[PDB]
Structure formats: C-alpha cells, structure tokens
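Enquirer: As they sit in the full assembly, here are the leading chains:
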Amino acid sequence: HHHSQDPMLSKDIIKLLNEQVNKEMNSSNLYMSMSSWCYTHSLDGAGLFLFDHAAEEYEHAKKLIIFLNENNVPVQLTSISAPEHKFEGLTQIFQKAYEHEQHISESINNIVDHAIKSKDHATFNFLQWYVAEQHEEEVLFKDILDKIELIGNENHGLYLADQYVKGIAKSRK
Amino acid sequence: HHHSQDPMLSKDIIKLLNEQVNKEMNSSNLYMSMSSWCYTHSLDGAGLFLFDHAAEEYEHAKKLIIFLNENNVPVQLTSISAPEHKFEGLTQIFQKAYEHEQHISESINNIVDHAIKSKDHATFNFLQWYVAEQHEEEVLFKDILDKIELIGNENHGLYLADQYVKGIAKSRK
C-alpha cells in the first residue's frame, strides 16, 4: 500500500478553508431561495441577478476545493442546512443579502489575517483573487440596496427597481 | 400588493422536481468527497474526473431550478446531509458511484413516467436533455468500472487505472 504526502497546509488553515467552502455552499443555496422568491413574486430581474449570483458563489466554493486538493488537504463537506425560504419583499431580501455579504467579507479577512500570522504566504497569495472578487460583490450589493432604497415602493417602484436589477444581471453576463 | 400567477405545474410534479434538485445537489457533494479521497491518495486522475463530474451534477440542479422558476414554482431546497468521506479504495468508489448513477437514472425515469401519466408534456419534453445526458453518464461510470476491474489492483494497476481515468477526464474537456 502506497504512501501519499501529508497535507501541505497547517491544521488551523485547513479548518478555516474547509469552513469557507461550506460557507460558500450555504450562501449559494440562500441565494437560490431568494432568487426563487423573486421569480414567484413577479420580480424576474432580481430573480435572474440572484440566481446568477448563487451560481458564482458555488464557483468560489469549487475554487477553494481545487486549492485544498492541490495541497493534499481532505475536503470535509458538512451538512448544508435548509436556507430561509420566507421573505417580506425586495428591500428585505437585499438588506439581508448585503448583511450576508458583509459577513462573507469578514470571514475572508479572518482567513487572510491567519495566513499572515502563521506565515502561510502560499495561502495569502492564493486568496487575493477571492478578496478582490468578494469586495466587488459586496460593493455591488451595497449599490443595489442604495438603488432599491432610492426608488422606493410607491407606484411603479418595485417595477423600476426590478428592471434596474435586470439590467445589472444582463450586463454582468 | 400585486398578484403573481399560480405555479404552472401540478403538485405531484412540483414535488418530484424539487426532490430531484436536492438529489443532484447531494450527488454533487458526494462526488466532491470521492474526488477529495482520490486526490489525497495519489489518484489525481480519478480526482479530476470526479471533481468535474460533481460540477456537472450541480449544472443539472441549476437547469432544473431554471425550469421551476420559469413555471412560477417555488424552489424548495432542503438540508443537504454530509456525504460519506471515508472510502476503501478506487474500485470501491467507482462501484459506489455506478450504483448511485443507477439510482439517479431510476429517479429520472420515475419523473418522466409521472409526466406521461398526468399528461404533462411540457415537462416530459423539457426532461429529454436530462434523460439523454444521464444515460450518457451512467454508461460512462459502467465503462470506467469495467476498465478498473479489468486492470485490477496488482502492481501497477492503480497507476494504470488512474491514468486511464485521467485520459477520460481531459478528453471530456
């Protein structure tokens, strides 16, 4: 029976990275459920945007998995819990989403900080695409929320907001 | 508050389709775990193959979700249980995977049968890409298992089998 090389990352980094894979998986499902809510409530602009965003979060999870694989680090996938499926409206969904993105940013900042502390610059260096893309996503959700709040809910507001989000969804493809 | 149109599909079809979305997500996670096992045991050929397969299974889940959305059907994502993470070896993985693909095939046949029975030919028609692609995947796992069993474990069987699987992984893009 053949010997395979030990994991190339430290136990703490392994734990944080596996946690982050699972976080992105859970995020993807949350966005799918938010998307479905919009599609079933005549908001197909927000539905599309959120569907495409969900898909992109899963793409992040896969990229993290590739990095674990290349370092001989076992991927430890946990149970993914059922996402929230009940929502109040467009504004509430994007408020929740923006808060979620802020949490995701914090979690990445935490991994990068630990990489610095343990002098794991292979991991620091690898995470830079992820820091950059997440910041763009966070800024995007801030802007969409700003626009939704600016438009409001009075006559045609929901329509105008959804068409604004539709345009963003299409321009990002 | 505005009226959105009722779901366009029957209750039984909605149920089976939502269950299928969750099946494919579970499958994806299983295949990521199997992939990780191969990568951490010097079988990067099977590692790559199973990773790419896992990603494709999630692609199926997304295509099913799109169809639910277009029909105004709420997507009902349940809790994805943690996949098995411990395996005996390459043959055992592909034995398990082939059996799993047989089950997925059975589950799709079941939905197609119900579409015929309830005269839902929009859904029957939509699922044809999925029947075709799943048949191709099931045949693929049968072929890989056949080849792994033909090669065997006696030296240098594992290496040979993994290089064979590597070749398939690369050729499928």
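Expert: Ah, there it is. Numbering: from 1, shown residues only, chains lettered A, B, ... in the order given.

Enquirer: The residue nearest to the spatial centre of chain A and chain B: what is the separation?
Expert: Using Cα atoms, centre = their mean, the residue of chain A that lies closest to the mean C-alpha position is residue A:57, 4.3 Å off. When Cβ to the nearest Cβ, to the nearest Å is the yardstick, residue A:57 and chain B sit 12 Å from each other. In short, each C-beta sits where N, CA and C put it, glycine included.

Enquirer: Verify the stated contact: that residue with residue A:34.
Expert: No: proximity of residue A:57 to residue A:34 does not meet the contact threshold set by Cβ atoms under 8 Å, at 11.6 Å.

Enquirer: now the longest helix along chain A and helix B:11-39, what's the angle there?
Expert: Counting residues, the longest helix in chain A under DSSP state H turns out to be helix A:11-40. Helix A:11-40 and helix B:11-39 are oriented at 160 degrees to each other (axes from the mean of the first three to the mean of the last three Cα atoms, to 10 degrees).

Enquirer: Report the buried residues of helix A:11-40.
Expert: By neighbour count on 16 or more other Cβ atoms under 10 Å in any protein chain shown, the buried set for helix A:11-40 is A:13-14, A:16-18, A:20-40.

Enquirer: swap in stretch A:136-148?
Expert: A:137, A:138, A:140, A:141, A:144, A:145, A:148.

Enquirer: Check stretch A:63-72 too.
Expert: By neighbour count, and taking 16+ other Cβ under 10 Å as the criterion, the buried residues in stretch A:63-72 are A:63, A:64, A:65, A:67, A:68, A:69, A:71, A:72.

Enquirer: As chain C, please add this:
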Amino acid sequence: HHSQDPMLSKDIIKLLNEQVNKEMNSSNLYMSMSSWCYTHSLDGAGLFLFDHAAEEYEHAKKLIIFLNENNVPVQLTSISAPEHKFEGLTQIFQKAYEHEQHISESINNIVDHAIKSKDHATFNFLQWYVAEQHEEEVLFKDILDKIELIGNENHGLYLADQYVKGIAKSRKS
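Expert: Following on from the chains above, chain C is added here:
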C-alpha cells in the same frame, strides 16, 4: 431616502483622504519644479516633471474612485502653494527624490494599517499603488544618480537635461 454607511473604518478613511491630498500637493510641487526647469532652459527636465505631476494627479483620482465605491465621503483640504524658487537641477532632483521617499513611507503606513485592522479589501486594492510608487521612487533615484555622475561643469547641464528628456519621451511611448 437612506444611503449605506461608509464601507471602510474611520482610521482607513482618514489615511486614504490624507493620501488623496498628499498626491494633489505632490502634483502641484512637480508642476512648480517643471516650470522652474522650463524657464531656465531645461525643457527635458521640464517635460519629465510635468508628465510626472500629471501621473501623481492620476493616482489621486484612483484613490478618489475607491473612496466613492465604498460610500466614503472625500474630504479635500486646502492645497498649499508649492515651493517655487529653486537653486538648480541637482537641488530639484534631490528634493524630489526625498519627496518620493516620503510618499513611499506614507503608502507603507496605510498598507500596514490595513493589515493591522484586517482590511484586506484595501490592502489588495493598494497593490497597484505600492508597485507604481516603487517604480517612481527607483526612477528618481536613477535620475539623481545620473545628474550627480554628469555634474554641472562644461555642458553638464545640457547633458543631464538631454538624458532626462530621453526618459520623458520613452515613458510616453
């Protein structure tokens, strides 16, 4: 209507606003140095310092863009009248090299603060600025070295100014 709070922390906000104002100050200083050269028959150094002044303003704008995207109010201060009287080409470039050293130090301080506060969105953003500033600092070191090597005696000024003219034109295209 409600707009989202600044996405950066108070200390980072202040350091970045201070940096915008530093680059604006720097731009004017170089415009003044450039004018001295142009009015003292040193059009090569004149062109070089003009084009460098414009590039420093480009950095200020890029910092402003980042503040804007993070919902951070830009605080522009009074820009001090730059020094306008100079002794000669060597003194101008000694002053400029010393100035570039100070700019490099101020960027290092911001990057250090980002690390300490776990702001990796800002850390990552600043990397183009660290790289470009290092290139600029090296450039002024090289020009100063060349001016020192040439000297002021017989045609020294002419030779040094033509050398700087070559650089100015090579950096355009």
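
Enquirer: What about the buried residues of helix A:11-40 again, now that chain C is present?
Expert: Residues of helix A:11-40 classed as buried under the neighbour-count rule (16+ other Cβ under 10 Å) are A:13-14, A:16-18, A:20-40.

Enquirer: could you say what helices and strands it packs with?
Expert: Based on contacts counted as 3 or more Cβ pairs under 8 Å, 6 or more residues apart in numbering or on different chains; DSSP states H and E, the elements that helix A:11-40 packs against are helix A:44-70, helix A:90-117, helix B:44-70.

Enquirer: Specify the angle between that helix and helix A:90-117 in degrees.
Expert: Using the same axes, to 10 degrees: helix A:11-40 against helix A:90-117 is 170 degrees.

Enquirer: For the residue lying farthest from the centre of chain A, give its distance to residue C:112.
Expert: Among residues of chain A, the one most distant from the C-alpha centroid is residue A:1; the distance is 40.4 Å, by Cα atoms, centre = their mean. According to Cβ to Cβ, to the nearest Å, residue A:1 stands 50 Å off from residue C:112.

Enquirer: and what of residue A:28?
Expert: Residue A:28 sits 35 Å away from residue C:112 when distances are taken as Cβ to Cβ.

Enquirer: Just put the helices and strands packed on helix A:11-40 in TSV and tack on distance to chain C.
Expert: TSV is the format used below for those (distance: least, Cβ to the nearest Cβ, whole Å):
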stretch	distance to chain C
helix A:44-70	15
helix A:90-117	5
helix B:44-70	27
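
Enquirer: Looking at these, spot the one closest to residue C:120.
Expert: helix A:90-117 (4.8 Å; Cβ to Cβ).

Enquirer: ok, for residue A:151, nearest residue in space, not its chain neighbours?
Expert: Ranked by Cβ to Cβ, 6 or more residues apart in numbering or on different chains and with sequence neighbours excluded, the top spatial neighbour of residue A:151 is residue A:161, at 4.7 Å.

Enquirer: to the structure above, add chain D:
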Amino acid sequence: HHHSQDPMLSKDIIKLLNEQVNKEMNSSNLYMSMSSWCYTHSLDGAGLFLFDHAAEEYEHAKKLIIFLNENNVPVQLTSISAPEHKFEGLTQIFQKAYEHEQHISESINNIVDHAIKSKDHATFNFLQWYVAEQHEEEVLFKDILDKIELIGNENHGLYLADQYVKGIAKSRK
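Expert: Next up, chain D placed on what we already have:
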C-alpha cells in the same frame, strides 16, 4: 550661469493666465466634492458625471500650464482653497454648478478681451479651443439643470434624474 529668454507674454496676460490655472484647479476640487456628495447619497449617475467633469477641468489647467511653459512664463500656483462640501441635494448641486460655469465663462471672456486690447493674437488664437470647450460645458450644465427641474423631486424624480445624468456621463466617455 546661462541666460534664458524673458517671458514672451505681457505682465497682465501672465497674471490673467496664472489666475486661470488656479481657477481651473479650484473648479476641479469643487467638482470632486460635488461628485462625492452624489456618490454618498445614492446618486452614482451624477457622481460619475461630476467626477469625469472634475477631471476635464484639471485637463484644462494642464493645457494652460503647457502654454505658459512654452512662452517661458513662470507658472505661479497659489494655495487652492478647500472646496464646499455641504450640499442640500441634486438640484442645489447643479444650480450651483451652472452658476459656477457661468463664472468660468465670464473669466475666459475677460482674458480673451484683454488679448484683443493688448494685441496679443498668439494668446487670442491659442484660447479658441478653450472658449469652444467651455461654451459646450456651460450649455451642458444648463441642459442638465433644465432636465432636473423638469423631472423634479416627487415620486421617483431623483432616480429618474440620476439615470438621465448617468446616460450623459456614459455617452461622453
């Protein structure tokens, strides 16, 4: 030390042109401040437009500096006063901006009139691009102000005006 040729322009025209450089630098900062107000109050359309306009005014200052340099005229940069940062809204910003553009137009008319009186036709001729471009800008701000007033601030007014201005910003770059 070597002799350099005297300034090729008269004392009065030197004074007027140097004042104009400082005026354009001041205008640039005012527009950056107005831009930032819009960006931090969900008006990214006006934010972008005003940012790009701020950059243009600085481009005007650079072209005037080049002309001063070519005539062996010392560039005299004065302290640039901190810009206004307190604004009440979109309409007030553009009312202030239109009045400011009218002031800039007058200041250019004054220099051109002095060139005529002084028989300085080199400067008269040089300033034609600047007269033309300023006229375009003044008209532009008149049209945007006319539009913001037509739309108003009632039920979705701010959003409509901002999108209108966003369209202009994008078509100009």
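
Enquirer: What about the buried residues of stretch A:136-148 again, now that chain D is present?
Expert: Within stretch A:136-148, the residues that count as buried by 16+ other Cβ under 10 Å are A:137, A:138, A:139, A:140, A:141, A:142, A:143, A:144, A:145, A:146, A:147, A:148.

Enquirer: Compute the number of surrounding residues for residue A:154.
Expert: 10 (other Cβ atoms under 10 Å in any protein chain shown).

Enquirer: Phi first, then psi, for it.
Expert: Its backbone dihedrals place residue A:154 at phi -70, psi 160, with angles given as degrees, to the nearest 10.

Enquirer: what's near enough to touch it?
Expert: By Cβ atoms under 8 Å, 6 or more residues apart in numbering or on different chains, the contact list for residue A:154 reads D:155, D:156.

Enquirer: Get me the contact residues on chain A for chain B.
Expert: Counting by Cβ under 8 Å from any Cβ of the partner chain, the positions of chain A adjacent to chain B are A:2, A:4, A:7, A:25, A:29, A:32-33, A:35-37, A:39-42, A:47, A:51, A:55, A:58, A:62, A:65-66, A:68-69, A:72-83, A:85, A:158.

Enquirer: tell me the contacts of residue A:164?
Expert: Going by Cβ under 8 Å, 6+ apart, residue A:164 touches A:45, A:144, A:147, A:151.

Enquirer: same check, this time on residue A:95
Expert: With contact taken as Cβ under 8 Å, 6+ apart, residue A:95 is in contact with residue A:145.

Enquirer: now swap in residue A:67 and tell me
Expert: With contact set as Cβ under 8 Å, 6+ apart, residue A:67 has these partners: A:17, A:126.

Enquirer: let's see 6 Å
Expert: Each residue near residue A:67 by Cβ atoms under 6 Å, 6 or more residues apart in numbering or on different chains is listed here: residue A:126.

Enquirer: Much appreciated, bye for now.
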